[PDB]
Amino acid sequence: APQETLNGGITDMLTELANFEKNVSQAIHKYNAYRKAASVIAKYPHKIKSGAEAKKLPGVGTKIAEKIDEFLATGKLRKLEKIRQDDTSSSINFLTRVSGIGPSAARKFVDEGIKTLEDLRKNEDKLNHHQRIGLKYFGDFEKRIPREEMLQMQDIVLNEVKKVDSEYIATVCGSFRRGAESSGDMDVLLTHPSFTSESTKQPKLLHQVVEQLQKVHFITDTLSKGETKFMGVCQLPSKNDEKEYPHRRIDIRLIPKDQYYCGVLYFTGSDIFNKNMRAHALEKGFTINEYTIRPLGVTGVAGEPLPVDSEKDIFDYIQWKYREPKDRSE
DNA sequence: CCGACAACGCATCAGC
DNA sequence: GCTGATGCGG
DNA sequence: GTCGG
Ligand code: NA
Ligand code: NA
């Protein structure tokens, strides 16, 4: 990927605009429009000389091209400069960095005078459970996770899961599975042969695992927990007289056996890869989502889901030699 | 011109 | 009390 | 905001 020095001023600009659209104007589609434009320019291996030049890239239109011209000519954007200094808007934008606080809650808080973390700290009674944990670990949640820590975390998870029931199958997905040097969180996909799409499974397969992870003091807090999905916080044990590890976000999903591998594939990504794969899949008469892979009739009537016992199976259906997670950047 | 821009689990709200 | 809608997240 | 039927 091109050095940020090439078009970093532009992409940063587009990303800041993206956040305000999402967090302040509550215009999610404009948020994604800017992100797409930022991503396209980010991978552009040429220092952009004009809006017309950028305009040629998919996702860059008349408005963004116009903004690029202003930025190239003045090193800034008047609209962005103004919004940054706006106390209400900047405060709303900022509060959304707290996990659990979205555009709606941030707007409500600022409306009543609650604009900073300090303010949040003084008003715990106005925060739900999720938001309280988000505040407590605000700093930790923004710190990334080195692969070495991700490995230690995986060791614990795989060990405790097998200890509960050796028939469980757990796979740590996300960028980590693709070999990333760092992660933003840990995503664990869990399944058990007793659990399939059309049958009960003693609705507690997930609970048993969470409970064990809390028992060895790995999982420290719970954001949400149901029969199929758990979202919480975890922390590796600290070393003798050594700086305790920061708290990390961990999600754990229980997926039916027959839908497991479609899930591993999907939650492994990358998003760009999943896009290119779902596309390549369609031109082959197939549609792949998070749960299954289904054919398509002469009209489109996607028949029942096809049997999958591994990732490779999915690749075979669409005649696409199985690609190692390591090579799934796109 | 104007609709799509994903579909979904959990926590919590809105309203009967 | 339950049902559906909304907020939030990844 | 951008795309495309
Ligand atoms: Na374009
Ligand atoms: Na947030």
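Numbered from 1 within each chain, the chains take letters A, B, ... in sequence-line order. Side chains included, hydrogens not; waters and symmetry mates left out as well; all remaining heavy atoms used.
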Point to revise | Furanose pucker, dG1(D), classified by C1'-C2'-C3'-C4' | key: south
Practice item. Indicate whether any N or O donor in one side chain lies under 3.5 Å from an N or O acceptor in the other, for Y322(A) and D316(A). Key: no
Check your understanding: Between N289(A) (CG) and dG9(B) (P), how many Å, whole number?
Key -> 12 Å
Check your understanding: Separation of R132(A) atom CZ from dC8(C) atom P, in whole Å?
Key -> 17 Å
Exercise for review: Please state the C1' separation for the pair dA7(B) and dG7(C) - nearest whole angstrom.
Suggested key: 16 Å
**Study point:** Distance-only donor-acceptor check, side chains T96(A) and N23(A), under 3.5 Å
**Key:** yes
Check your understanding: Is the phosphate of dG10(C), meaning OP1 or OP2, less than 4.0 Å from a side-chain N or O of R249(A)?
Key -> yes
Study note, to complete from the structure: On DNA chain B, more 5' by nearest nucleotide between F230(A) and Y266(A) is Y266(A)
Practice item. Using whole Å, report how far CD of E290(A) lies from P of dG9(B). Key: 9 Å
Check your understanding: Under 4.0 angstrom, heavy atoms only, what part of the nucleic acid is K30(A) near: base, sugar-phosphate, or nothing?
Key -> base
Check your understanding: Once you round it to whole Å, what is the distance between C1' of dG9(C) and CE of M186(A)?
Key -> 19 Å
Review point. Which whole-number value in Å describes the distance from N32(A) CG to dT2(D) P?
Key: 13 Å
Check your understanding: Looking across every strand, which nucleic acid part, if any, lies under 4.0 Å from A105(A) by heavy atom: base, sugar-phosphate, or nothing?
Key -> sugar-phosphate
Practice item. Could you give the distance separating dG4(D) and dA6(B) at their P atoms, to the nearest angstrom? Key: 15 Å
**Study point:** Spacing between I28(A) atom CD1 and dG10(C) atom P, to the nearest angstrom
**Key:** 13 Å
Practice item. Provide, to the nearest angstrom, the distance between the CG atom belonging to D187(A) and the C1' atom belonging to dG10(C). Key: 8 Å
Check your understanding: Would you say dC10(B) has OP1 or OP2 under 4.0 Å from some side-chain N or O of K229(A)?
Key -> no
Check your understanding: Which nucleotide, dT12(B), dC8(B), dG10(C), lies nearest any side-chain atom of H129(A)?
Key -> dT12(B)
**Study point:** Per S224(A) side chain, nearest of listed nucleotides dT2(D), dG9(C), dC10(B)
**Key:** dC10(B)
**Study point:** Candidate list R144(A), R147(A), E149(A), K143(A), test side-chain hydrogen bond (donor to acceptor under 3.5 Å, both in side chains), partner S182(A), passing option
**Key:** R144(A)
**Study point:** Residue pair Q214(A) / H217(A), side-chain donor-acceptor N/O under 3.5 Å
**Key:** no
**Study point:** Contact check, side chains of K122(A) and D119(A), non-hydrogen atoms, under 4.5 Å
**Key:** yes
**Study point:** Any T228(A) side-chain N or O less than 4.0 Å from OP1/OP2 of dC10(B)
**Key:** yes
Exercise for review: Mind checking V98(A) for me? I need base, sugar-phosphate or nothing, with any heavy atom below 4.0 Å counting as a touch.
Suggested key: sugar-phosphate
**Study point:** Closest to side chain of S104(A), choosing from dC8(C), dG1(D), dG9(C)
**Key:** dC8(C)
Review point. Does a side chain donor of either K108(A) or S104(A) reach within less than 3.5 Å of an acceptor in the other side chain?
Key: yes
Practice item. Pick base, sugar-phosphate or nothing for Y34(A), based on heavy-atom distances below 4.0 Å to the nucleic acid. Key: sugar-phosphate
Exercise for review: Send over the distance from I41(A) CD1 to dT2(D) P, rounded to a whole Å.
Suggested key: 10 Å
Study note, to complete from the structure: With the side chain defined as heavy atoms from C-beta on, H29(A) is closest, among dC5(B), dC10(B), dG9(C), to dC5(B)
